[PDB]
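Coming up is one lone chain in structure tokens, specifically the form deposited in one PDB entry.
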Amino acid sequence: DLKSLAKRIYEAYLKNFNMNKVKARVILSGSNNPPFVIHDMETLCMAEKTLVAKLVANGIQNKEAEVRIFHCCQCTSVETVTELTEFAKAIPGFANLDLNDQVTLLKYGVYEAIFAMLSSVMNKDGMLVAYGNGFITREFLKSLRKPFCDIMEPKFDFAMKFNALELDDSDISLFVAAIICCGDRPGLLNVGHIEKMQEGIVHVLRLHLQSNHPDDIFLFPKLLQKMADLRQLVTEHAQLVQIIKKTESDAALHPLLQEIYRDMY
């Protein structure tokens, strides 16, 4: 039954991602460990002394703030790739795929999924970081020197339009499943089984949107377009990352993330 395929995907989403949209919009709105606001250099340094004490003692605050923010981004990406891999291992039919095709799907899918889910922790003024314990302002990131000021703003632009669709986690879980189970990734061995897998997920998504969002007549084709938008956003992101790896010393790539980008686009 498709009602339960959707429920299983949604339950695996709530289980595997440490931050979900309901939790995020609470923190983002107005407790015990409120988010420290990072809006200039002074507050970045204060936040680092509390949230990453070992690094400060290692002397990271001698490095350019842009380098520390980039490596903060990388650490968050590595953790999200780990969650996405477990989420996917929990997608019905994914674990039955060929080992090599699981790697291919995740390799090309993870950053599309990341930037989709990143919208959940963004508002027009900034984004949540450090497991809900920091809030870094969009204007502070815009204030960094090139090229680092170009990292986050295209993702804010995507997220504000994405958030206007007013999806909830039950929608987003299916959307991310669909991103991962994409039958036209380069390098796929058994394209036929993946397309049938994708067809079933997208079928559930289309049906779920019908019942969950009866007011938005074209929400399904809108989300198809967002999937294309995300692939272009990821292509452009990989280009900026390659610029940074080559031009900026100190901003070395984490080994897990380097393998993801290797031969990607």
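Residues that one form lacks are left out of the comparison. All residue numbers refer to positions in the sequence shown, first residue = 1. Basically, rigid core = biggest C-alpha set you can superpose within 1.5 Å across the two forms.
Just so you know, the form solved in complex with a partner chain exists too; it's not on screen, but the next bit is about it.
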Fill in the blank from the handout: Students should find that, of 85, 137, 163, 190, the residue having a non-hydrogen atom no more than 4.5 angstroms from the partner chain in the bound PDB entry is 85
Handout entry: residue 263: touches the partner chain in the bound PDB entry, heavy atom cutoff 4.5 angstroms
Key = yes
Practice task
Look up in the bound PDB entry whether residue 107 has a non-hydrogen atom within 4.5 angstroms of the partner chain, and give yes or no.
Solution key: yes
Handout entry: Contact flag, residue 143 vs the partner chain in the bound PDB entry, heavy atom cut 4.5 Å
Key = no
Handout entry: residue 170 within 4.5 Å of the partner chain in the bound PDB entry, heavy atoms
Key = no
Problem - Sequence-ordered runs, three or more residues, C-alpha shift 2 Å or more between this form and the one not shown, rigid core - result: 31-34, 51-54
